[PDB]
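Below is one structure, written out as structure tokens, with a few remarks after it.
FYI, side chains are in, hydrogens and waters are out, and symmetry mates aren't considered; it's all heavy atoms of this structure. Numbers restart at 1 for each chain; the letters A, B, ... are given by sequence-line order, proteins then strands.
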Amino acid sequence: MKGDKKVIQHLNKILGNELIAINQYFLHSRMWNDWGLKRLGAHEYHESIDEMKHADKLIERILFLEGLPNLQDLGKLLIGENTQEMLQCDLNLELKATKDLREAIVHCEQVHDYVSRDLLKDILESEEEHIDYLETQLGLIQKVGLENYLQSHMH
Amino acid sequence: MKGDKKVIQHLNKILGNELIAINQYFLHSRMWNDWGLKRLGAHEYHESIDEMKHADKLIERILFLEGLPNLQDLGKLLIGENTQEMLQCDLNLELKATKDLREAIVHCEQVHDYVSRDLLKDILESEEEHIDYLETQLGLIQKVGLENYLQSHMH
Amino acid sequence: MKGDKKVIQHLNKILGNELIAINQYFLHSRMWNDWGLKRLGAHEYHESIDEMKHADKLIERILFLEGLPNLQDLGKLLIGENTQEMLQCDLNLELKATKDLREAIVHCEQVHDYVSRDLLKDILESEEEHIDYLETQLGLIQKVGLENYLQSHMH
Amino acid sequence: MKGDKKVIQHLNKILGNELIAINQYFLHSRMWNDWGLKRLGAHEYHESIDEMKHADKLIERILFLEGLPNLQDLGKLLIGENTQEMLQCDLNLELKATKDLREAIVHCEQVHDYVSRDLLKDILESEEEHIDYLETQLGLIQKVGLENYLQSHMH
Amino acid sequence: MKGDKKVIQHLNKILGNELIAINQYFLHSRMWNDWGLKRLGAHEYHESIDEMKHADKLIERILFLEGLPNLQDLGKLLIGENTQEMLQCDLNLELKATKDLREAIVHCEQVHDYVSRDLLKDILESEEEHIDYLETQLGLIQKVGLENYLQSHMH
Amino acid sequence: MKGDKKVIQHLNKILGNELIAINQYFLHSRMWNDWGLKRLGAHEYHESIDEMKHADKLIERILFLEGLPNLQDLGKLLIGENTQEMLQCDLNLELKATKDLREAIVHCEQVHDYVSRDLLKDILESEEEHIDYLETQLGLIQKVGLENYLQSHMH
Amino acid sequence: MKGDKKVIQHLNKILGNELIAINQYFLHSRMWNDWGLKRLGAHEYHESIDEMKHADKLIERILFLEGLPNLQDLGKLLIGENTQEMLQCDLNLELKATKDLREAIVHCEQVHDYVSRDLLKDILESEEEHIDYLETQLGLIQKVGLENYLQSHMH
Ligand code: HEM
Ligand code: HEM
Ligand code: HEM
Ligand code: HEM
Ligand SMILES: O=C1NC(=O)c2c(NCCCc3ccccc3O)cccc21
Ligand SMILES: O=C1NC(=O)c2c(NCCCc3ccccc3O)cccc21
Ligand SMILES: O=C1NC(=O)c2c(NCCCc3ccccc3O)cccc21
Ligand SMILES: O=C1NC(=O)c2c(NCCCc3ccccc3O)cccc21
Ligand SMILES: O=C1NC(=O)c2c(NCCCc3ccccc3O)cccc21
Ligand SMILES: O=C1NC(=O)c2c(NCCCc3ccccc3O)cccc21
Ligand SMILES: [K+]
């Protein structure tokens, strides 16, 4: 079904953000696992899987709308060097992601692509849940101290 | 069954205390959850539900006694701004509630409303267990330190 | 995540409506139970629980958006003196509630808070289901007679 | 298998009657549900489902006989404005339907299309069962009074 | 609940489209079954059932909004004379249906009938899935050849 | 219970047709199996069994009517040399059979042997279902091509 | 555990190949699903998952050897425009990948990193199995014809 060209461009921009997030979260996960922080490793793994599922739905929607999904261009990974920085890098990426998602919904609404809007709204709900998780972790570090925070994410 | 007017007023006062406690504990629970202190959030949720059940029984007794249950007037909620203050706020509320319960039981005994007395005694037992919980948490904060106390209430 | 100040104000207004509804439906429920109209009592009890669940979600969303949920201010309960009046009072509250939901949805849409909009839309769907129920009961009283209507809600 | 042209014309007339009945009964069902008369709504829904199944068998038979099933022409729906009129409108439609079935069976017999006759006989048995139901409901309204009758069909 | 008069007109227009699709898809299904293409027949039967379920939700919404559901007027069925034409007739119908759905959603949004919008968005999601199915089938006929395509839909 | 002489002659003519069809379908079944077209062979096998059960019911009715069932005379088997001819030979036989069934039913009706008519009507229904199967297979061969048709009947 | 610098460079080169393959196979899979070739889509999906699992193990080994896994640099995807091209693009990519694997194994052997060698050998076995699958599919296209090959991958 021939989709709106700018919708397809917005979907490819969202897709591009998810592809960054897939790799950043996967690498952060395996770093935390290598350091023995396996509760962080596992949670971050599940965050990377969630982004994979979002990218899948985006690819499927783009193809249905008769566009070409861009899996070639990978933007800049934000990789931290310690736990606090890694959480903050994930948070910075998610804040960029939700900004782009909102702008994409505005345009879907304007050209009456209500099904694409519903898909992006669902993704936005998942990203806002990730932001909640990230902000909460960063706050816990301040409340319990870094050493306790890390201790609590070993097992 | 026509109840004693002053018994009904005592029951409405106790109901009023429960209505404050329902909201105060519910808000505290959701604050703790938002901060990632989910074991405190879950416990405080169950405290709120318990107050809801007490309020239900008070409403039912008042109606049986042909009074009007007062769900309109809501007293002052005592909301803390950190874990220590929230616990102390709950405790201050509970100490007021048990003082009022004792006065109501005296009156029920004087007018021979022994069934209303039995209900209030059951509520008093629940409120004293809540006091025990609260005093114990505040004491644990002193024994293990605040960071450890919060750490133990994350998951 | 820093939410829009006016969205938070709208969410607190919706929450305020739910807090009224909780108490009004709960009292109407216990009145109907006291009168032996237990099917009305049971249905109104479940209406009150539904509003409790909506209030919970509103409170959680407000805190996530870094606002303060208002559980202190309780508006005017509309309590009837007989079954017909009680249902109409519920219906009057629900019509106020849905007007406020529609205005809050408008504002969420305009600041691109599409997750808050989706939550409010779900709550609006529940409120229109309650309106349907309430309108239908009032119509049934006219079709079958008050004595039959009440008879069918004894057990 | 090449069927008798006039048989196919009869079958399309019966089909036309079923198509009216599908819509008439389905609308009556949903009107009754909207009014809170859900037992009436459920029974009328099952009547609509029955006509749908008859229409299916007629379409299949017409196609086997190398005719064209007519699903384009929809005759006049008879919609009541109250329970009594709706039942009478169903009954009036059924009495026309059984007259057309009898005339179709006469013709199937004359041209030795014994299988089409057997199908129509089965449909006629169903329509007579519906006539029994409808006459019985209209009689019950007289024996128990409209208010009781409707009361008995709320749940 | 007093609905917007123009929302109700839109809902009756969408319902009119569903009524056409019910009949068109049911006839196509029984044509394919008669021809021995039972996988197509079964798939098209389920499409017809999906439209029946949409029509039901539309009728119920219109009645709740205090409008009259129009089941009397039936627009033009697009019936093909071979498999390729039947799929293209279905696709042409669906493209008109989704155009009308978008226009209806615009109006629901403008008068704040967000529940009607939600129902129409769900239907649109179902219709776009049907468009995907149909476009894919017509593409497969080109890729594998008509003879193979029909072979794969016999059993 | 002594039957009408000419009814018994009709039943014996029908029985004679069924005896031809038993052997013709059984041989066709085993030819297809020998050729590796086992799905055709299995379906034709079940057609032969169907005719065996019809013959059984005819034999039992003739004996009950105190006639002698003719299992001695076997008319001409129509054996094809390839799939299309075999199906056409089956169809030609079925069309003679249904013509004979119709004449027999006319006579049963004239002499008021309604039970024999009902048995012949049931057999006629099965024979018209076989005609449908055969016409449909001949149509599929045209639509998917003989090679694909046979391919789909190998396993 | 401090790894050989050149081993880690080899491991990142193999990882880069896996990252290309993940994306190329995932897109090919979703292209085939969009075209209705679901069996090709599902098989290609499992190939993409396989490469994801290989990339994970390489990431984990690089980190253990105290190197930095390179998830930032993504080489050129080879995307076909039809089924034959897509299979040949996959095969071209696999043949480059196995050449790189062989060179990395040579170097692991020379510096006695026998566990890295074993990991790469396991990956090489999986890639040779993919080469087997792809060569076989391309030959089947020649043996059964493209239309039959695609027909067999519809369901
Ligand atoms: C750095 C790149 C990637 C890595 C290391 C990776 C890793 C993984 C792993 C380890 C799994 C679990 C497989 C299993 O054991 O079942 C997985 C699943 C999955 N991946 Fe990826 N992946 C990557 C990129 C992608 C991309 C780009 C996509 C889509 C565009 C994607 C889509 C999926 C899907 C749909 C699943 C299945 C999730 C489920 O339903 O369980 N992945 N991935
Ligand atoms: C008059 C004030 C209230 C009364 C009498 C009341 C009463 C009740 C009762 C009797 C229950 C059932 C508990 C059980 O399982 O035994 C309940 C459940 C619940 N209440 Fe309340 N409640 C009140 C106010 C509130 C408020 C203000 C909130 C939220 C802000 C709330 C949130 C909940 C929730 C989330 C549940 C459980 C729902 C579920 O289990 O699905 N309640 N309430
Ligand atoms: C106003 C038009 C119609 C409406 C609103 C409608 C509605 C429905 C609904 C709600 C169902 C139940 C679906 C389920 O839960 O599985 C159904 C089933 C069905 N419909 Fe319709 N329908 C309509 C017209 C038709 C027509 C014209 C036909 C055939 C000519 C038809 C044939 C069927 C059949 C065969 C079933 C399956 C019943 C069963 O075996 O359970 N319908 N319909
Ligand atoms: C060429 C002549 C015939 C052949 C090759 C034949 C073959 C068969 C076969 C292979 C079976 C299945 C047996 C089993 O269950 O293992 C069967 C069943 C049967 N046959 Fe025949 N048959 C022939 C003629 C007849 C005749 C002339 C009659 C009656 C007049 C007859 C009546 C039956 C019946 C009643 C069954 C049982 C079917 C059931 O109810 O499952 N058959 N036959
Ligand atoms: O990342 C990428 N996404 C793409 O679509 C792509 C390429 N496309 C070639 C045409 C793919 C195509 C052809 C026909 C029909 C539908 C189709 O989808 C090439 C390189 C990299 C990328
Ligand atoms: O918080 C409140 N509690 C109440 O009872 C109430 C009101 N009463 C109206 C008559 C309640 C009533 C009428 C008839 C028989 C028994 C009854 O119990 C009004 C406003 C607020 C409140
Ligand atoms: O309601 C309707 N019923 C119909 O058959 C019909 C139409 N016919 C197209 C030819 C259907 C057909 C074509 C070829 C072979 C066998 C066939 O069966 C057109 C419009 C409306 C209707
Ligand atoms: O297709 C049709 N849809 C309709 O509603 C209709 C008719 N209406 C009669 C009054 C329906 C009605 C009456 C009282 C209360 C509520 C009501 O809803 C007449 C003919 C055809 C149609
Ligand atoms: O197919 C057959 N059915 C039978 O009943 C039958 C036979 N019966 C012996 C009675 C012989 C008989 C009875 C009445 C009148 C004339 C007669 O010559 C013998 C061979 C074949 C068949
Ligand atoms: O694709 C990439 N792979 C990487 O490692 C990487 C970056 N490294 C930051 C340091 C990660 C690190 C820090 C301390 C200790 C061990 C560590 O492992 C930066 C950008 C992109 C990439
Ligand atoms: K083939």
Look up atom [atom1] in [X] and atom [atom2] in [Y], then write down how far apart they are to the nearest 0.5 Å.
{"X": "F:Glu109", "Y": "D:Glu109", "atom1": "CD", "atom2": "CD", "value": "5.5 Å"}
{"X": "F:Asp132", "Y": "D:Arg61", "atom1": "CG", "atom2": "CZ", "value": "9.5 Å"}
{"X": "F:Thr98", "Y": "D:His112", "atom1": "OG1", "atom2": "NE2", "value": "12.5 Å"}
{"X": "D:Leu65", "Y": "F:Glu128", "atom1": "CG", "atom2": "CD", "value": "7.0 Å"}
{"X": "D:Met1", "Y": "F:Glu94", "atom1": "CE", "atom2": "CD", "value": "11.0 Å"}

For the residue pair F:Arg102 and D:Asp113, what are the closest heavy atoms and their distance? NH1-CA, 4.1 Å

Smallest separation among heavy atoms of F:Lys121 and D:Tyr114, with atom names: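 Result for this residue pair: CG-O, 4.4 Å.
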
Report, as yes or no, whether the 6.0 Å neighbourhood of atom CD on F:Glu147 holds more than 12 heavy atoms from other residues, nucleotides or ligands. no

